[PDB]
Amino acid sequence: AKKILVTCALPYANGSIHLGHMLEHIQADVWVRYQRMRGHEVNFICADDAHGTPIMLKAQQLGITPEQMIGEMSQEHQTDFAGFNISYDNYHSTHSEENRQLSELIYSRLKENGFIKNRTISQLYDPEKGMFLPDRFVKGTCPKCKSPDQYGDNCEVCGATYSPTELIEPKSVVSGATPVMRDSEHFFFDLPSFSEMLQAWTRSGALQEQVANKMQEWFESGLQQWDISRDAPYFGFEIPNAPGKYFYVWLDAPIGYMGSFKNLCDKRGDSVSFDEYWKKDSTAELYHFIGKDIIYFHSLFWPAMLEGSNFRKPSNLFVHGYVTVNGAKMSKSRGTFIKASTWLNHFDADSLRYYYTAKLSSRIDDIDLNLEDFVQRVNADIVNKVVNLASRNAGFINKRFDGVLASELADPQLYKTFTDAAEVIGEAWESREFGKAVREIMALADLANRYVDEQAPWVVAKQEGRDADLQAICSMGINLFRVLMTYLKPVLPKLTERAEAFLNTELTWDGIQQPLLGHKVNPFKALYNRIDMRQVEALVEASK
């Protein structure tokens, strides 16, 4: 029995959960649910990423404390993830005492071990507000084309890129004051000292090939020291012994994985598991599910931080691509930038979980939610292949056989074909080849429906003296449904609950080896209804 700690990336507290977040959290949750079904000790950990200058400024503009704002968004996020049945064992915050203490500890160890350097830099500063300006809080006139009202390091009219210090007549986005260059001492993490260690990790074959290829590009460009401090005013953790200095959000954010696990252990009264999972000698496995925009932090800074502070490193990184809708990046004007909360007003969680799972693989390629295909695939696969095996057979069992399934399998060979597939399907879930698993499951569903078609229960049912045959056929179909729903249990939690209620049994991975014989099932109302394009049109309209 393995010990496994799985995370998803920590969502920022200054925006709502959308379908891009949901791709990642669904992918991880399917994997986690499968690992639990195979008997492992699994800890599925997340948290909101609650620090930084954008969050501080947003709270100020709303006239509330950052603490109030992040608390509201934490509740909103957790409500949405709960609505998709994301099965976290703990959902915490980077703004927490556990993360403060662990961030201070890691920084102190890195500093004692020689990996922290102090250097003065020059940066644009708003002297009226009294704060250093990140690039996107400087606006001005493009030096190339002279277009006004351009933000940061690029012009949205002519496409030019430049340092914000080249903007003509620059203005602070916060106050409107003219910014000036000002010096400040910053603290830097000496990432280059870990180059050889990180190159050996890249070559080991654990990482996705596409991720290893990106790493080689980054080694070729040259690793640099990493600026891990920000000046007051800031919403974050103060640096010990450095008044007016704070840790940059991205230093504390991955430490938040550790902080969330520590919080879970502490709430459970468990004084041993934190060190069992995070010490250098750990035999537990640690996996981070992340998107391709945040690889650098997780594959270079983070393993180096851990190595330099005497903690174990990730076992693997599992990186996914971006979500597209109708083939294109989500578009607010077209109504394809869809919030998780909006989704649930129109469709259930299982439909999106299924669709994403059917498209996902172990590679980093983008995943397209084609809304026409979504309707067609949910209806074809869930309603007409899988649920059909229950719905077409359960009525006869309940009405003519008192709910009782036959005492023997009508076609034991066919049943064995279904149970023999468990090894390949389980390996597909394990390896994150979700689309392969779904293809295998649906091929079996096709075989099951062909069996029922070949036996023609709608004929047998009207023919005198054929009650035993009818019960046999319908019971066989229900047993095939039991197996298919076991394979899909990681994917479709709510349908699975309805299936378990109908079947009067919890679905376990090994349970499929004992078919339901001489066994009472319950009646049900529709296990899963069809969807249509009018609902898609409503979703898009509601998102504009």
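From 1 onward, residues are counted along the sequence shown.
Here 16-24 and 524-532 are compared by their mean Cα B-factor, and 524-532 comes out higher. Higher average CA B factor: 462-470, of the stretches 462-470 and 249-257.
Between the residues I294, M305, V424, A394, it is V424 that shows the highest Cα B-factor in the PDB record. Per the PDB record, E67 has a higher Cα B-factor than any other of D29, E497, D48, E67. Residue-level temperature factors show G321 in the middle third of its chain, judged at the C-alpha atom. In the PDB entry, a CA B factor belonging to the lowest third of its chain's modelled residues is recorded for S475. When all modelled residues of the chain are sorted by CA temperature factor, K58 is found within the highest third. In this PDB entry, the Cα temperature factor of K171 sits in the top third of its chain's modelled residues, the highest group. When the CA B factors of the chain's modelled residues are split into thirds, the value for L539 lands in the middle one.
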